[PDB]
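Residue numbers (the deposited numbering), protein chains in the order written: chain B, 1 to 152, 170 to 317; chain A, 1833 to 2069.
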Amino acid sequence: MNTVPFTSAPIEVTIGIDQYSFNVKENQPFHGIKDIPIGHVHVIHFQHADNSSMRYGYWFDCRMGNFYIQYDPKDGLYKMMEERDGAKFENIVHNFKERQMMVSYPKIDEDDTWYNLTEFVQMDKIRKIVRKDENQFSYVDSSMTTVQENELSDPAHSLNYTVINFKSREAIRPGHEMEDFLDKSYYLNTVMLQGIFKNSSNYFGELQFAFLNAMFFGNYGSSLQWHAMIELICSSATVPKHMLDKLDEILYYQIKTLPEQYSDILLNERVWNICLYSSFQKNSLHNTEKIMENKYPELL
Amino acid sequence: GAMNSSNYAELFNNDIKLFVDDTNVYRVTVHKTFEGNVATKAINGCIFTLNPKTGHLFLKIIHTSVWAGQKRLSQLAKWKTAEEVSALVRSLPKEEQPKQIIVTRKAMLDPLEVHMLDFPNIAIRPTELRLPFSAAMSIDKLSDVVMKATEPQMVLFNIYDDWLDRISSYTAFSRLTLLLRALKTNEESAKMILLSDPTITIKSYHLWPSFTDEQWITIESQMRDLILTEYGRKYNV
Ligand SMILES: CN1[C@@H](O)c2ccccc2[C@@H]1O
C-alpha cells in the first residue's frame, strides 16, 4: 500500500486521487495520501480554491519510484517530484503516518471502479502520449492541446494521442473510397490495430486514458480522442467479438463514473446516437446502451 | 464556405470552378409487378458538371449497367458521381483543373471530399442557391444523348452556345438559370415559349434557338411571366 506524501498544503485546494477528492484548507496540516493500491496507475489532481482554472495533475505508478508533492510558490502549483533516497522517503512517510497527517485512499473492498477504468492503461504508454522523459510521472492539465488539434502551438507540452481522421489517405485506400468511408474495418484492423497499436489492449489503454483526461481535467482534445476511438470501432462492420465485449464493459464503467452534471459537455450527441442506434455495432453494446438510456435519456 | 446570393460574382472570376449536380445520376420509373408489388426500373442518367464562366458542360452519361447487382443505389449514385468527377479532374491538365468544385446538394460533400483527397488544394463547397440544374434533362439534345447511350460515355457541350460572343458569363448564367427554372416549373409552357415561332431554329452545334438580342429579351420576359404565374397557383398568392 504506497504513499504519496506532501511537504505541506500552503494553498487551499481540492485534491483528487483517482475518482475520489477532498478539500484541503490554506496551511491545513495535510501530509498526503496513504494506502494507495499497488497494481494500477493513479492520478493525483488539483483545483485551487482561488483559481478553478488551475486544474492539473500527475499520472503515476508507485512501483516505478517514491513520489511526493511539494507546492512551488514560484510556478504556483503542487508539483510531483521523485525522492531517489529510499530511506529518507520511508523515514518521512513513517513520521507523517505516526502523526496521522495522511488521508487514506478510500477504496471499498467490493468496488472495482478504478480497475475497470484503468484495465488497459499502462504508465509506459502514458509517457509516450505525455513526453517528459526526465520524469517517471506525467503532468496533464485542462489546457494541453493534442498533436491533432495543433495540426489545425508548443510541441513539448502536447498530448501525443494517435491521430484518427476518417477523411484522410491513412483511413481511405485508393479505389476503396465509399467502402472504407462507410465501413472503417480496414482503418481499425489493418492501419490502427495491426499497424499502429499492435493489439486491442494498447488501443483500449489510449481510449481509457483519453476518457480519464477528459473527465478529470475537462481536457477538450482528450474528449475528442475518446469519441474518435469509440466511433472508429462502432463504424467498423468487422470487429473481433472480444473487442466488442470488452468495449461494452469499458464504456459502461466510463458512463457509470461520469458526474451527471458534465454529460452535457463531455458527451457528444452525434457520436453516441450514431454508435448506439445507427452504426454496425448498434446492437453490440447492451450494457452501455442500458446505462446511457437510464442515466442520460435527454442526450439520445 | 457556402456559395450564396452574397458571393455570387465569384462564379465569373478567373478561378476555374465547376458546379456538380447529381440529381439526374440515378433515375427510375416506379411500376407495379405482376403480383401487385412495386419495383423500380433504372434509366440512363448523367452527371451535370458545368464551368459557369466558359459554359463548358462535362455531361458524363451514367448507363443503367452501372447499377447492375448493386444495393443502396441512391447512396452509390453519390459515390459514383464523386468517382466520375475525380476521374474528370485527374484527366485534365493541371492548369485546367478547377480550384473549387461547388456541389448543388450537401450529400455530395463527403463523397467528393473523400474521392478528392489527392487534391487538398481543390476546395469542395456547398451552395445556399436552389439551382435548377435538375431541368438539364428538359433540354432535348441532352435528354437524347443520355437516353440513346448504350455504354458509359462523356459528351462535351457548351451550354451557352455562342452567347459569350455577345454577353458576359454573368448574363449568360442568369439566362441559363432563367431557362432552367422555367423548364423545371412548367416544362410544357417553357418548351412552347422556346419552340413556337417556326422561323427560329436550333443550329446543329447548339442546344437553344438562335435568337437575336431583341428576341432573347422577349423570350426572357415570357420565362419570368411563366415562373411568376406558377408561383401564384403554387402558394394561392
Ligand atoms: C525534500 N523532499 C523529499 O525528500 C520529500 C519526500 C517526502 C516528503 C517530503 C519531502 C521533501 O519535501
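Where a beta carbon is used, it is the ideal one built from N, C-alpha and C, also for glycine.
Out of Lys-201/B, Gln-70/B, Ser-252/B, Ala-173/B, which has the shortest C-alpha to C-alpha gap to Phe-6/B? Comparing Cα positions, the closest option is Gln-70/B.
For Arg-84/B, count neighbouring Cβ atoms within 10 angstroms of its own Cβ and tell me buried if that reaches 16, exposed if not. By the beta-carbon neighbour count (other beta carbons within 10 angstroms, threshold 16), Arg-84/B is exposed.
Short CB-CB distance (under 8 Å) between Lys-299/B and chain A: Answer no: the Cβ-Cβ gap between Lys-299/B and chain A never drops below 8 Å.
Using a cut-off of 8 Å between C-beta atoms, extract the partners of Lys-184/B located in chain A. For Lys-184/B, the residues of chain A that pass the 8 Å Cβ criterion are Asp-1942, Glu-1945, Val-1946, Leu-1949, in the order they occur in the chain.
I'd like to know if the region 1911-1929 of chain A and the region 1950-1961 of chain A are in contact, where contact means that at least 3 CB-CB pairs between them fall below 8 Å. The answer is yes - the region 1950-1961 of chain A touches the region 1911-1929 of chain A, with three or more Cβ pairs under 8 Å.
Is the beta carbon of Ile-247/B less than 8 Å from the beta carbon of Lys-312/B? In this structure, the beta-carbon distance from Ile-247/B to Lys-312/B does not fall below 8 Å.
Nearer than 7 Å: is that true of the beta carbon of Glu-83/B relative to any heavy atom of ligand 1? Between ligand 1 and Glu-83/B, a heavy atom-to-CB distance of less than 7 Å is present.
Since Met-1986/A is in the beta strand (DSSP E), which residue starts that stretch and which ends it? From DSSP, the beta strand (DSSP E) with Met-1986/A extends over 1985-1990.
Strictly below 7 Å CB to CB, what residues from chain B border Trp-1911/A? Result: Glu-194, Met-195.
In the DSSP assignment, find the beta strand (DSSP E) that holds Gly-238/B and state where it starts and stops. Here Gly-238/B belongs to no beta strand (DSSP E); instead the alpha helix (DSSP H) covers 237-251.
So what does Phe-234/B bridge to, in DSSP terms? Residue pairing from DSSP leaves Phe-234/B without any beta-bridge partner.
Strictly under 8 Å for the Cβ-Cβ distance: is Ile-189/B near chain A by that measure? Closer than 8 Å to some Cβ of chain A, the Cβ of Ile-189/B qualifies, so yes.
Residue span of the alpha helix (DSSP H) that contains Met-1979/A, given as start and end: Residues 1972-1980.
Taking the DSSP output, what are the residues bridged to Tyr-71/B? Answer by DSSP bridge pairing, in chain order: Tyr-78/B.
For the region 1972-1989 of chain A against the region 2002-2022 of chain A, are there 3 or more C-beta pairs whose distance is under 8 Å? With a cut-off of 8 Å, the region 2002-2022 of chain A and the region 1972-1989 of chain A do not count as touching, because too few Cβ pairs lie within range.
Would you call the region 227-244 of chain B and the region 187-203 of chain B in contact, with 3 or more CB pairs under 8 Å? Segments in contact, no.
State the CB to CB distance for the pair residue 2080/A and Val-1852/A, rounded to an integer number of angstroms; the pair is presumed to be in contact (CB under 8 Å). For chain A, the structure presents residues 1833 to 2069; residue 2080/A sits outside this window and is missing.
What three-state label does DSSP hand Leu-1843/A in the structure shown? Three-state DSSP puts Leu-1843/A in a helix.
Boundaries of the beta strand (DSSP E) in which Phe-60/B is found, first to last residue: According to the DSSP assignment, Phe-60/B belongs to the beta strand (DSSP E) that extends over 55-60.
Which first and last residues belong to the alpha helix (DSSP H) in which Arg-1937/A is found? Neither: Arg-1937/A is in no alpha helix (DSSP H) and is coded neither H nor E.
Here's the rule: buried if 16 or more other CB atoms are within 10 angstroms of the residue's CB, otherwise exposed. What is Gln-100/B? Result: exposed.
Is the region 1900-1915 of chain A close to the region 1986-1998 of chain A, with three or more CB pairs under 8 Å? Taking 8 Å as the limit for Cβ pairs, the verdict is that the region 1986-1998 of chain A does not touch the region 1900-1915 of chain A.
Pick from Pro-2041/A, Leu-2008/A, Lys-2035/A that is closest to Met-2024/A, judged by C-alpha positions: Measuring from the Cα of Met-2024/A, the nearest candidate turns out to be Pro-2041/A.
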